[PDB]
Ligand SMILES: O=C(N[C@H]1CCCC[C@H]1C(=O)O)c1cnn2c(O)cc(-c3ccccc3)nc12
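Okay, here we've got a single chain as structure tokens, the form deposited without the ligand, with questions on binding and movement later.
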């Protein structure tokens, strides 16, 4: 009745795999066509798809009508400038003059404008959809932000397109003490990953700032998650790390759905639960600590960690330690206290929100 209740939840989540894989092929077709149009613009010359996120991390449990798409764009010779003491928000400057780089049209005086660039990006996708008489793909006129472009394929699939800059540079100094995988995935692996580029997605806190993004590293360490190189590659090594992340994601989803009226949980996201999960992985580096037989025990440790972040109002970004995702400024004290009472109730009543 214990971990077997959770096993039955995970079995129910497999039924939606065929509907999610069908709808992912719908999005890929649309996104691949938009990528060809974006490649025609000399500003979006180096544009490419970044195959990161829940679907590619094999943790896309539910919401077959909701997808998130990422688009990279190589920005060579970059110059960063930390916005205030927000260790994740930066200003994008250029190491060499405007004639050299093609993004020069979006420069708002030595500083790249995220609003000037996202408006061009939106304008291209909009005219591409308008030119094509297909009544299936429709762009929704949103409030702003990033993903600033949100599409609706076949009047059902909502897609969230995000634009990101790729910097093949050394990661910013704010990430110096982040990614604590040395005793789990190894010091060799941490060195290897830190040589890979980092991304910058437009996000305010000055409106012309960009937040650091490591969606690729998150995918890389989720699909190679064990200390043993052969983890989940055979019957004797099937761990429950991904099952736990799936269950934490589903716990937040169902709680958000249950309280979609008194909206306290709308500030919470599947990224908060993913970030907390990576911290639980750092606390439990052995594959012994993630046995398939101990699913109940492992999921309970994931819930307890998340409860501690809500109670202490502290959830560090896995890559930028000084960036507190649960800071009083990003999420208020009352929303965190409300979620704490709901997770405490769920944990105490054998999780009724999962049940049929």
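Positions refer to the first chain, counted from 1. Shifts are known only where both forms have a C-alpha. What we label the rigid core is the largest C-alpha set whose atoms superpose within 1.5 Å from one form to the other.
The discussion below concerns the form deposited with the ligand bound, not included here.
Colleague: Given a 4.5 Å cut-off on heavy atoms, tell me which of 306 to 314, 283 to 291, 321 to 329, 34 to 42 is the interface stretch with the ligand in the deposited complex.
Modeller: Correct option: 321 to 329.
Colleague: Considering non-hydrogen atoms and a 4.5 Å limit, which listed residue (92, 212, 117, 165) is close to the ligand in the deposited complex?
Modeller: After the contact test, the surviving option is 212.
Colleague: Just give me the single entry in 246, 264, 272, 227 that has a non-hydrogen atom within 4.5 angstroms of the ligand in the deposited complex.
Modeller: Contact with the ligand in the deposited complex is made by 272 alone.
Colleague: Although the ligand is absent from this view, report whether residue 218 comes within 4.5 Å of it in the deposited complex, heavy atoms only.
Modeller: Close contact exists here: in the deposited complex, residue 218 approaches the ligand to within 4.5 Å, heavy atoms only.
Colleague: Check residue 88 for me: does it contact the ligand in the deposited complex (non-hydrogen atoms, 4.5 angstroms)?
Modeller: Judged by the heavy-atom cut-off of 4.5 Å, residue 88 is in contact with the ligand in the deposited complex.
Colleague: Taking 4.5 angstroms as the cut-off for heavy atoms, does residue 241 touch the ligand in the deposited complex?
Modeller: No.
Colleague: Would residue 191 count as touching the ligand in the deposited complex under a 4.5 Å heavy atom rule?
Modeller: Heavy-atom contact with the ligand at 4.5 Å: absent for residue 191.
Colleague: Using a 4.5 Å heavy atom cutoff, which residues in 127 to 148 contact the ligand in the deposited complex? It's fine if the answer is none.
Modeller: The stretch 127 to 148, when checked against the ligand in the deposited complex, contributes only 143 at the 4.5 Å heavy-atom cut-off.
Colleague: Considering only 237, 81, 134, 127, single out the residue whose C-alpha is displaced by at least 2 Å between the shown form and the other one after superposing the rigid core.
Modeller: Going through each option, the one that shifts is 134.
Colleague: Given a core-based superposition, decide whether the C-alpha of residue 188 shifts by 2 Å or more between the shown form and the other one.
Modeller: Superposed on the core, residue 188 moves its C-alpha less than 2 Å between the shown form and the other one.
Colleague: Using a rigid core alignment, state whether the CA of residue 143 is displaced by 2 Å or more between the shown form and the other one.
Modeller: Residue 143 C-alpha, core-superposed: shift of 2 Å or more.
Colleague: Could you tell me whether residue 142 and residue 124 have their C-alpha atoms closer or farther apart in the deposited complex than in the shown form, knowing the shift is 3 angstroms or more?
Modeller: Residue 142 and residue 124 sit farther apart in the deposited complex.
Colleague: Assuming the CA distance changes by 3 angstroms or more, are residue 141 and residue 152 closer together or farther apart in the deposited complex compared with the shown structure?
Modeller: Residue 141 and residue 152 sit farther apart in the deposited complex.
Colleague: Lining up the core, where do at least three residues in a row all have CA moves of 2 Å or more between the shown form and the other one?
Modeller: After core superposition, the one displaced run is 130 to 145.
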